[PDB]
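Enquirer: Questions regarding the structure given below will be posed in turn.
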Amino acid sequence: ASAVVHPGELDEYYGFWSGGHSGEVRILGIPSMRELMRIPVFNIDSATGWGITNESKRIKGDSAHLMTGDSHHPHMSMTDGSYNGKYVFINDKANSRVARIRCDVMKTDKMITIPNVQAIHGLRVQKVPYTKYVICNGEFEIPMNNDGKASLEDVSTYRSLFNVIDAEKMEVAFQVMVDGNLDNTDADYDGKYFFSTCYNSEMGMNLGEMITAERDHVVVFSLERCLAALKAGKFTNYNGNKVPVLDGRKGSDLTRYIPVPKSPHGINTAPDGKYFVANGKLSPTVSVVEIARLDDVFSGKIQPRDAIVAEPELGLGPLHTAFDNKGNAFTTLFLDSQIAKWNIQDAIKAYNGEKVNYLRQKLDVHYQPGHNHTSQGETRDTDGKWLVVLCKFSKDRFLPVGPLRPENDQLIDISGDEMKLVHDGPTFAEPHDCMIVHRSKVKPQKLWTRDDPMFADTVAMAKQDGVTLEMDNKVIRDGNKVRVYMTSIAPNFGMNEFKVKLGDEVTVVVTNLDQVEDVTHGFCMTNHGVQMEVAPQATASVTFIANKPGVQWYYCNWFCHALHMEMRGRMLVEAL
Amino acid sequence: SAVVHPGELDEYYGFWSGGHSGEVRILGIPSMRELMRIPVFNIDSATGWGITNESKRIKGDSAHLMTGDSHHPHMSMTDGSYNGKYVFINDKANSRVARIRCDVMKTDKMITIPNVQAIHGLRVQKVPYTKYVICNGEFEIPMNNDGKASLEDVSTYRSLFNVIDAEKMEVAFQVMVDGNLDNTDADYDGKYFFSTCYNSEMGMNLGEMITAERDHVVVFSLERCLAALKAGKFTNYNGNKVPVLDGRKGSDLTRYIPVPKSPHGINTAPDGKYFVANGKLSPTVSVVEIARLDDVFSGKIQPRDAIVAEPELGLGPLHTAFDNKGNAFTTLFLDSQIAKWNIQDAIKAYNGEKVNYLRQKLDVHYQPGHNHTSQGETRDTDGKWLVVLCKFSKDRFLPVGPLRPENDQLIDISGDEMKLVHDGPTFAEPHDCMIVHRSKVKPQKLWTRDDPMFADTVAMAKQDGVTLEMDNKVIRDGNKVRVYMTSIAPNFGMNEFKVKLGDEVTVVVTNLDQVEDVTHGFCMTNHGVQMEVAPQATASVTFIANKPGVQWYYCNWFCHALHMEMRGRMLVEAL
Ligand SMILES: [Ca+2]
Ligand SMILES: [Ca+2]
C-alpha cells in the first residue's frame, strides 16, 4: 500500500516490538514505522522512574535489584485466534523472567522469575479457545538441583524445561522436562498442542558438540495429556518451590519428538491452523508439519517423521517464517540475506515427487535477517498487507554513527502478492521479534483511576497514616522515616517546602489531580538520582536517603504548563 | 522533499536531547529516524553503560546515580562552524555536564558542577572555537549549603553561571549573579556570553517569581572575567578549587539588560549581529544588538540601550531560531504556533515605520517549546529545515494510554511559506536539539586498542601479566577473581571457568573481530549483568557470584549465524 502517514493522518496498526538488549517493549505505528512509545519492563527507565519507584519495584518482586534485561518475544492475548487487546506478554532471556503489560494503561503490571530454568527464549500465547496459557522455553541446560555440589559438572543431570504460565494469574501452571534444549515455540489453533524447536539435542557443552547432529527435533506437547498427568499427581517439585514439573523426555507419553534438520530456530503456525513450519538454520530447508497428523503420532499409528508433509530447500540460513492470507510463506535467509516467498501447497506437491516450483520470489534484504512478521499474521485475521523483516546488520543503509550501528527493520508491501521494499527503519539494541495488530483491536484509556491495583499498596500505606491522597499535603514522621504526601495540579505542587533531618529516609508520594489527558507531571529531587512520572489521576512514590545537608530543590521535570519551571519547592535538610 | 527512500541517506545528523530518559539520540534529517541512542545519564541495559567498569569510571563521583534529564546537546565549533569533535550535554536533574566523543559516539567525560543546583541552559563558545562550554545553574542555593543558619535564609541563596574548559572537561570559573539563570548563548566574536533570568525576584514560590514586569538578560564579558581571575579576584567555596567571580549587579564583569517577563530562550542570530531573548509571560521578544555591548560595558550607553526592537508576536514566546535570510522563527507556546518574522522590519517598526514584520503564523500541534533550524546555530545556516519540539501530541498519533509521546514537527522553510511535512512521535520530552550537515561528522568504524576509554582496564590486565589481544586466563586474588577472555564470533575463548560461591568476579572481554559492527555482548544469566563488547574494544563488569551451581554466560548480540551457541559456563562451587 502507501506507507506514508502524513501529518494529521493516523497509522493503521500498532506494532509491539521487542526492545532487544534495552529490556523495554516499544509501540510502533505501522506503516509509518515511527516509535509511538517505550514501555519500561526489565530496564531502569530514567524517564518514568520504572525500576526506582516503589510501585515498579513492587511489581518486579524478587527481581527489583536487577538493572538490566533482554526483552525477547512480545505477544498479545487472543480470543478464538484473534487479538483481544488485553495484555502483551514479554520475556527476559537474560534473567529468566516473564512480564505482563496491561494494554489499558500500557504499563507492566506483573513480573515473575521462572524457577528451575536458565534463559527464557521463545515465548508465544495460546490462541484457542483464548490465551489461557502463555508458553515459553528454557534455552540453557542446568541441573534441577543446581546447588554447586555433585551436579555442578555432571552434564547427565542438566535439563531444559518448557514452561506453561497461567496468563490471567501470571503464575507458572506447570513445567515439562524435555530431552535436549529449547529455542522457539508456538501453539496450534485448536487448544490441543504446543511445539518447540531444539538446537542442542546433543546436550553439547560447546559449539562443535551442539552442531554434530544432522537432525535435532521439534518437541510437541499434548496439553490434554499434561493436564491429566498433573491431575493424577505424576509430577515432581524441585528447589523447594511448588511448581509441578512433568517428565516429557523421550519415553514419556506427554510429548513426541519430530526429527528436524539442523539446529533449527523458528517455529511458526500457519494461520489456517493446518501446519507449522520449523526453520532449518544450518540446513537450507524448512520442515512443514501437518497438525492434523499429531494425534496419530501420539497414538503411535504413524512415526513422528510421518507428520512431515514438506521439507523444501529455500536457501542458506533459514531462521523464521511468516504467512500471508493466501497460502504463502515468507522465510528469512540469514546467510543469503533474502526473504524467500514460497507456496505451502506447492511445497507439499514437490515433497510428494511432483515437478512443481514452490518458490515464488526472493527479495534481497539489508542485511542478515532474523525474524519476519506479517500484519495480523499470527492470528486468523492475517490480512496479507505488510511484512516486516528484522535485519541484524545495517552496514551502508544509514549515515554512519560509529562502531555500534543500528539494526534495520525493513517494511515490505506484500499486498500485491509481489514483494516491494518500502522503508528502512533504523532500530536500537536488536529487536528479536514483534507483532502487528490492527488499531481497532487495541483501546487504551486516557486517565488512570484511583482504585488502580498498580498503586494500591501505596494507597494502603497512605490510609494507615490517615492520609487521603486526593486531598492532603502532609508530612508524616516515623522516627528516621519521613513520608511526604503531596498533590500536584499544574503548575503547582501542594507544598512549597518541607523539612527533614540529615540522614532521614524520605519517601515522597505524589498524586496528580489534573483531569485532562496527557497532562503528565514529574517529581525530581535535584542531585539525588531520583525522578519519576506522575500521570493524571495516578499516585507515584520514591524512597531515598536525605544524605545531603541544606537546601535541596524538588521540581516537576515534565513540561505540564507554561509555568512548569516555577513548579518547584525546597526539601530543607537540617544539619545534625 | 523529506522522503529518504531505502538506499538513500539522510543529509544531516540531528543530536537530540533524550529529555527525561537521560540519553542523547542521533537522528537522520530529514527522515527524522532515530539512528542511535548514546547512553549518558541513564543506565543502559543494551550496552551496559552505567554498570560496566569503564562507564562507572567515566561517571566518577556520580556512578551511583541511575537517572538524569538530558537537556541541551551542542557540538563543538571552529570559527562558528561545527567541527564534529564533541557533543556536550547537561543533566539538569543532578547538575552534571558530559562530553560525547563523535569519533566513537560515546560519552568520554562527565563532571558534577559544584556549588550549584540544576544545570539548565548549555551552549558552546562559537569563535574562535569551542574553548569554553557555558551553562547555567537554574536554582538558588547557599554557597555554604550546610543545613545550618543559611538553610532558610533566602538572602544567602545564589545562582552561578558556569564556564567549562571544553578540552579539559574541568570548570574554568563560575560567575555569581543576582537572580537565577535559565538559557544561555554565545556571540560570534568570543567576547560575550549571555543568559536569561526568570527569577530576578529571588522568589521562593510561583507568585513571587512572576511579580516583576521585567527580569533581565545578564551579559558576561569574557575578557573582564579572565582579567579578574588572573588578578586573584575570586573566592573558593565548599572546599573545592573552582574560582567564583562576583558578577552581581554593579560588578564590572556583567551587565543586566531589563527584559519582560520571566524570559526563557536566548538565541544568537547567525550573522552575529543580534541575540533574541524570548518573552514567555510577555508576548514579545527583545532584540539586542551585539555590537552595542562594548558601550554597555564602558558606560557610554546604558543596558536598556542595547535593545533595538521588542516586537509583539503572540502568546507565550519561548524560543527563536533563524534562517539564512534575516528571518526568525519563534515558538508561541500558548497560541500553539510558530511566528516567522523579519528582524530588520521589527527594528524599523520599533522606530515608528509603518512596516509589517510578521510574515506568517503556522499552527503546530501542540504547545511548542524549542525550535531549531538546519545548521542554524552556526555560520552555515542554510534555511532548509525547521524542527519544532511540541510538548502535547493530543490526537496526532494513535492513542497509547495515559502517557503520550511528544511531537517533533518537521517544517520545510526553504520557500517563502512554512510547510508542515512530518509529525515525529518522541519519548520523554526532548528539550533541545541541533542539526549538523553530514559532511562535518566523520565517525570511526572500529575501536583501537589504545583508546583511553578502557585504558584503566588494560592497565589492570598488565598488572596481572595479561595481554588482552592473546589471553584467556583466570586470575585468583583472595575472594576476587578476574577472568580475561577473548571473543571472535562465534566463540568465546573460554567455554567454562570455576569460582567459589561469594567470589567477587570481574569479567573482562576483548572482541578481536576486525570487521566493522560485528558487535558482541557478554551476559551472565540471572545476575543482572550484560554489556556491549565492540570490535577491538575491551569491556568489563564486576558482580558477586552469589548463586551456586551452573551459571551460563552468553553473547546476547546477534554477531553470527551461530551466536546462540556462543555461550559457556561459570561453575560456582558450593562452600
Ligand atoms: Ca544440534
Ligand atoms: Ca520573574
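Residue numbers start at 1 in each chain; chains themselves are named A, B, ... in the order of the C-alpha cells; ligands are numbered from 1 in the order shown.
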Within stretch 171-319 of chain B, find each residue whose DSSP state, derived from the backbone, is alpha helix (DSSP H), and express the selection as an MDAnalysis selection string.

Expert: chainID B and resid 206:209 222:230 293:298

Enquirer: If we count only C-alpha atoms and set the cut-off at 9 Å, which residues sit around residue A:538, ignoring sequence neighbours fewer than 6 positions away in its own chain? Please answer as a ChimeraX atom specification.

Expert: /A:447-450,452,455,510-513

Enquirer: Can I get the selection written as an mmCIF file, in the first residue's frame, with N, CA and C atoms?

Expert:
data_model
loop_
_atom_site.group_PDB
_atom_site.id
_atom_site.type_symbol
_atom_site.label_atom_id
_atom_site.label_comp_id
_atom_site.auth_asym_id
_atom_site.auth_seq_id
_atom_site.Cartn_x
_atom_site.Cartn_y
_atom_site.Cartn_z
ATOM 1 N N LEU A 447 -7.022 8.262 31.172
ATOM 2 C CA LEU A 447 -6.663 8.644 32.503
ATOM 3 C C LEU A 447 -6.529 7.415 33.392
ATOM 4 N N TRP A 448 -5.636 7.461 34.366
ATOM 5 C CA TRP A 448 -5.647 6.478 35.449
ATOM 6 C C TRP A 448 -6.887 6.640 36.292
ATOM 7 N N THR A 449 -7.205 5.613 37.068
ATOM 8 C CA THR A 449 -8.270 5.691 38.080
ATOM 9 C C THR A 449 -7.688 5.422 39.467
ATOM 10 N N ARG A 450 -8.330 5.988 40.478
ATOM 11 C CA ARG A 450 -7.788 5.972 41.822
ATOM 12 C C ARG A 450 -7.700 4.593 42.485
ATOM 13 N N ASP A 452 -6.638 1.924 40.933
ATOM 14 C CA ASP A 452 -5.847 1.035 40.103
ATOM 15 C C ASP A 452 -4.940 0.158 40.962
ATOM 16 N N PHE A 455 -0.973 1.032 42.016
ATOM 17 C CA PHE A 455 -0.529 1.840 43.166
ATOM 18 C C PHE A 455 -1.378 1.616 44.427
ATOM 19 N N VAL A 510 3.506 11.399 45.370
ATOM 20 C CA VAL A 510 2.898 12.475 44.614
ATOM 21 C C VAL A 510 1.663 11.953 43.883
ATOM 22 N N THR A 511 0.578 12.682 44.034
ATOM 23 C CA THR A 511 -0.674 12.363 43.366
ATOM 24 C C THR A 511 -1.053 13.504 42.422
ATOM 25 N N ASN A 512 -1.123 13.205 41.142
ATOM 26 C CA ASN A 512 -1.507 14.186 40.086
ATOM 27 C C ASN A 512 -3.033 14.285 39.988
ATOM 28 N N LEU A 513 -3.561 15.427 40.401
ATOM 29 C CA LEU A 513 -5.011 15.662 40.418
ATOM 30 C C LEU A 513 -5.544 16.378 39.191
#

Enquirer: Using only C-alpha atoms and all ligand atoms, which residues of chain A come within 12 Å of ligand 2, and what is the closest atom pair for each, with the distance in Å to one decimal? Give it as JSON lines, sorted by chain and residue number.

Expert:
{"residue": "A:563", "atom": "CA", "partner": "ligand 2", "partner_atom_place_in_ligand_line": "1 (Ca)", "distance": 11.0}
{"residue": "A:565", "atom": "CA", "partner": "ligand 2", "partner_atom_place_in_ligand_line": "1 (Ca)", "distance": 11.3}
{"residue": "A:566", "atom": "CA", "partner": "ligand 2", "partner_atom_place_in_ligand_line": "1 (Ca)", "distance": 9.6}

Enquirer: Taking only C-alpha atoms and all ligand atoms and a cut-off of 6 Å, can you tell me which residues surround ligand 1, written as a list in words?

Expert: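 With only C-alpha atoms and all ligand atoms and a cut-off of 6 Å, ligand 1 is contacted by residues 199, 200, 201, 202, 210, 211, 212, 213, 216 and 263 of chain A.
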
Enquirer: Within 8 Å of residue B:431, counting only C-alpha atoms, which residues qualify if same-chain residues fewer than 4 places away don't, as a PyMOL selection string?

Expert: chain B and resi 17-19+70-72+369-370+389

Enquirer: Residue B:76: which residues within 6 Å, counting only C-alpha atoms, same-chain residues fewer than 5 positions away excluded, as JSON, numbers by chain?

Expert: {"B": [82, 83, 86, 130]}

Enquirer: For the selection you just gave me, I'd like the residues written to a file as a short mmCIF file (atom, residue, chain, number, x, y, z; two decimals), in the first residue's frame, keeping N, CA and C atoms.

Expert:
data_model
loop_
_atom_site.label_atom_id
_atom_site.label_comp_id
_atom_site.auth_asym_id
_atom_site.auth_seq_id
_atom_site.Cartn_x
_atom_site.Cartn_y
_atom_site.Cartn_z
N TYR B 82 30.39 23.95 12.83
CA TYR B 82 30.60 22.71 13.61
C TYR B 82 31.87 21.98 13.13
N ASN B 83 32.64 21.44 14.06
CA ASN B 83 33.83 20.69 13.71
C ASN B 83 33.76 19.19 13.92
N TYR B 86 33.13 16.94 19.34
CA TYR B 86 32.44 16.64 20.57
C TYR B 86 30.99 17.11 20.51
N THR B 130 35.35 26.35 20.10
CA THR B 130 34.81 25.97 21.40
C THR B 130 35.93 25.78 22.42
#

Enquirer: Do you know which residues are at most 9 Å from residue B:551 counting only C-alpha atoms, after dropping those on the same chain fewer than 4 positions away, and could you put them as an MDAnalysis selection string?

Expert: (chainID A and resid 118 142) or (chainID B and resid 524:527 547 568:572)

Enquirer: Near residue A:271, counting only C-alpha atoms, which residues have an atom at most 8 Å away, once you skip same-chain residues fewer than 2 positions from it, shown as a PDB file with N, CA, C and O atoms, in the first residue's frame?

Expert:
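Writing the result to selection.pdb gives the following:
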ATOM      1  N   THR A 269       3.208 -21.291  13.338  1.00  0.00           N
ATOM      2  CA  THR A 269       1.918 -21.875  12.951  1.00  0.00           C
ATOM      3  C   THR A 269       1.249 -21.093  11.829  1.00  0.00           C
ATOM      4  O   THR A 269       1.112 -19.901  11.898  1.00  0.00           O
ATOM      5  N   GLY A 273      -4.332 -22.893  10.668  1.00  0.00           N
ATOM      6  CA  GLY A 273      -4.159 -23.876  11.694  1.00  0.00           C
ATOM      7  C   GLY A 273      -3.809 -25.261  11.183  1.00  0.00           C
ATOM      8  O   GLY A 273      -3.841 -26.207  11.959  1.00  0.00           O
ATOM      9  N   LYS A 274      -3.420 -25.393   9.918  1.00  0.00           N
ATOM     10  CA  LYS A 274      -3.199 -26.726   9.319  1.00  0.00           C
ATOM     11  C   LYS A 274      -1.761 -27.245   9.495  1.00  0.00           C
ATOM     12  O   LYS A 274      -1.501 -28.474   9.496  1.00  0.00           O
ATOM     13  N   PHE A 323       3.432 -15.699   7.420  1.00  0.00           N
ATOM     14  CA  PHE A 323       2.436 -16.150   6.444  1.00  0.00           C
ATOM     15  C   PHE A 323       1.537 -15.036   5.976  1.00  0.00           C
ATOM     16  O   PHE A 323       1.192 -14.141   6.759  1.00  0.00           O
ATOM     17  N   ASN A 325      -2.344 -14.272   3.810  1.00  0.00           N
ATOM     18  CA  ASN A 325      -3.706 -14.811   3.847  1.00  0.00           C
ATOM     19  C   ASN A 325      -4.051 -15.596   2.589  1.00  0.00           C
ATOM     20  O   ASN A 325      -5.224 -15.799   2.282  1.00  0.00           O
ATOM     21  N   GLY A 377      -0.406 -11.496  11.209  1.00  0.00           N
ATOM     22  CA  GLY A 377      -0.007 -12.804  10.694  1.00  0.00           C
ATOM     23  C   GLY A 377      -0.033 -13.993  11.637  1.00  0.00           C
ATOM     24  O   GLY A 377       0.003 -15.168  11.158  1.00  0.00           O
ATOM     25  N   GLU A 378      -0.052 -13.763  12.940  1.00  0.00           N
ATOM     26  CA  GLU A 378      -0.081 -14.856  13.938  1.00  0.00           C
ATOM     27  C   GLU A 378      -1.482 -15.120  14.478  1.00  0.00           C
ATOM     28  O   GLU A 378      -1.660 -15.790  15.492  1.00  0.00           O
ATOM     29  N   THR A 379      -2.462 -14.626  13.720  1.00  0.00           N
ATOM     30  CA  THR A 379      -3.883 -14.742  14.070  1.00  0.00           C
ATOM     31  C   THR A 379      -4.707 -15.069  12.817  1.00  0.00           C
ATOM     32  O   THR A 379      -4.226 -14.959  11.673  1.00  0.00           O
ATOM     33  N   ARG A 380      -5.976 -15.393  13.052  1.00  0.00           N
ATOM     34  CA  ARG A 380      -6.904 -15.687  11.969  1.00  0.00           C
ATOM     35  C   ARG A 380      -7.188 -14.454  11.106  1.00  0.00           C
ATOM     36  O   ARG A 380      -7.729 -14.565  10.012  1.00  0.00           O
ATOM     37  N   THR A 382      -4.973 -12.457   9.762  1.00  0.00           N
ATOM     38  CA  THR A 382      -3.906 -12.196   8.786  1.00  0.00           C
ATOM     39  C   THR A 382      -4.496 -11.563   7.533  1.00  0.00           C
ATOM     40  O   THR A 382      -5.470 -12.056   6.985  1.00  0.00           O
TER      41      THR A 382
END

Enquirer: So, counting only C-alpha atoms, which residue among A:164, A:291, A:421, A:401 is closest to residue B:84?

Expert: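 Going through A:164, A:291, A:421, A:401 one by one, the smallest distance to residue B:84 is for A:401.
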
Enquirer: Find the spatial neighbours of residue B:449, counting only C-alpha atoms, within a cut-off of 12 Å - ignore same-chain residues fewer than 4 positions away - and output them as JSON, numbers by chain.

Expert: {"B": [453, 454, 455, 456, 457, 458, 459, 467, 468, 469, 510, 511, 512, 514, 534, 535, 536, 537, 538, 539]}

Enquirer: Could those selected residues go to a file with N, CA and C atoms, as a PDB file, in the first residue's frame?

Expert:
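Heads up, here's the output in out_12.pdb:
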ATOM      1  N   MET B 453      39.254   5.155  26.763  1.00  0.00           N
ATOM      2  CA  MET B 453      38.034   4.757  27.441  1.00  0.00           C
ATOM      3  C   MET B 453      38.134   3.424  28.166  1.00  0.00           C
ATOM      4  N   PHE B 454      39.035   2.540  27.743  1.00  0.00           N
ATOM      5  CA  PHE B 454      39.297   1.307  28.511  1.00  0.00           C
ATOM      6  C   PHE B 454      40.763   1.166  28.932  1.00  0.00           C
ATOM      7  N   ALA B 455      41.513   2.269  28.947  1.00  0.00           N
ATOM      8  CA  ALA B 455      42.914   2.205  29.367  1.00  0.00           C
ATOM      9  C   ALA B 455      43.130   1.709  30.801  1.00  0.00           C
ATOM     10  N   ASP B 456      42.257   2.063  31.726  1.00  0.00           N
ATOM     11  CA  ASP B 456      42.433   1.561  33.084  1.00  0.00           C
ATOM     12  C   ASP B 456      42.223   0.060  33.187  1.00  0.00           C
ATOM     13  N   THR B 457      41.321  -0.491  32.391  1.00  0.00           N
ATOM     14  CA  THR B 457      41.158  -1.921  32.322  1.00  0.00           C
ATOM     15  C   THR B 457      42.365  -2.616  31.737  1.00  0.00           C
ATOM     16  N   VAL B 458      42.930  -2.000  30.715  1.00  0.00           N
ATOM     17  CA  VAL B 458      44.162  -2.522  30.121  1.00  0.00           C
ATOM     18  C   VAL B 458      45.300  -2.520  31.129  1.00  0.00           C
ATOM     19  N   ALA B 459      45.388  -1.451  31.922  1.00  0.00           N
ATOM     20  CA  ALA B 459      46.461  -1.317  32.893  1.00  0.00           C
ATOM     21  C   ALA B 459      46.270  -2.366  33.995  1.00  0.00           C
ATOM     22  N   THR B 467      47.937 -10.164  28.491  1.00  0.00           N
ATOM     23  CA  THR B 467      47.942  -9.471  27.208  1.00  0.00           C
ATOM     24  C   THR B 467      46.566  -9.710  26.628  1.00  0.00           C
ATOM     25  N   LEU B 468      45.767  -8.653  26.568  1.00  0.00           N
ATOM     26  CA  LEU B 468      44.354  -8.814  26.190  1.00  0.00           C
ATOM     27  C   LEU B 468      44.067  -9.288  24.778  1.00  0.00           C
ATOM     28  N   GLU B 469      44.981  -9.024  23.860  1.00  0.00           N
ATOM     29  CA  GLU B 469      44.840  -9.454  22.494  1.00  0.00           C
ATOM     30  C   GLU B 469      45.073 -10.950  22.347  1.00  0.00           C
ATOM     31  N   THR B 510      37.434  -8.999  25.501  1.00  0.00           N
ATOM     32  CA  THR B 510      38.023  -8.269  24.393  1.00  0.00           C
ATOM     33  C   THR B 510      37.595  -8.893  23.083  1.00  0.00           C
ATOM     34  N   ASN B 511      36.923  -8.107  22.230  1.00  0.00           N
ATOM     35  CA  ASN B 511      36.431  -8.546  20.949  1.00  0.00           C
ATOM     36  C   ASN B 511      37.535  -8.352  19.931  1.00  0.00           C
ATOM     37  N   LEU B 512      37.991  -9.454  19.361  1.00  0.00           N
ATOM     38  CA  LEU B 512      39.095  -9.470  18.414  1.00  0.00           C
ATOM     39  C   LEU B 512      38.657  -9.540  16.955  1.00  0.00           C
ATOM     40  N   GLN B 514      37.673  -8.070  13.409  1.00  0.00           N
ATOM     41  CA  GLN B 514      38.329  -6.968  12.694  1.00  0.00           C
ATOM     42  C   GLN B 514      37.427  -6.401  11.611  1.00  0.00           C
ATOM     43  N   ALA B 534      32.373  -4.118  21.664  1.00  0.00           N
ATOM     44  CA  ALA B 534      32.525  -3.690  20.285  1.00  0.00           C
ATOM     45  C   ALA B 534      33.834  -4.223  19.678  1.00  0.00           C
ATOM     46  N   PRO B 535      33.935  -4.294  18.321  1.00  0.00           N
ATOM     47  CA  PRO B 535      35.161  -4.800  17.718  1.00  0.00           C
ATOM     48  C   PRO B 535      36.383  -3.983  18.123  1.00  0.00           C
ATOM     49  N   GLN B 536      37.407  -4.713  18.565  1.00  0.00           N
ATOM     50  CA  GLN B 536      38.648  -4.175  19.107  1.00  0.00           C
ATOM     51  C   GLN B 536      38.525  -3.454  20.459  1.00  0.00           C
ATOM     52  N   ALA B 537      37.362  -3.510  21.124  1.00  0.00           N
ATOM     53  CA  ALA B 537      37.186  -2.911  22.413  1.00  0.00           C
ATOM     54  C   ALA B 537      37.356  -3.983  23.494  1.00  0.00           C
ATOM     55  N   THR B 538      37.696  -3.532  24.692  1.00  0.00           N
ATOM     56  CA  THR B 538      37.588  -4.292  25.914  1.00  0.00           C
ATOM     57  C   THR B 538      36.524  -3.664  26.773  1.00  0.00           C
ATOM     58  N   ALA B 539      35.755  -4.527  27.433  1.00  0.00           N
ATOM     59  CA  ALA B 539      34.705  -4.114  28.349  1.00  0.00           C
ATOM     60  C   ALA B 539      34.724  -5.034  29.541  1.00  0.00           C
TER      61      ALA B 539
END
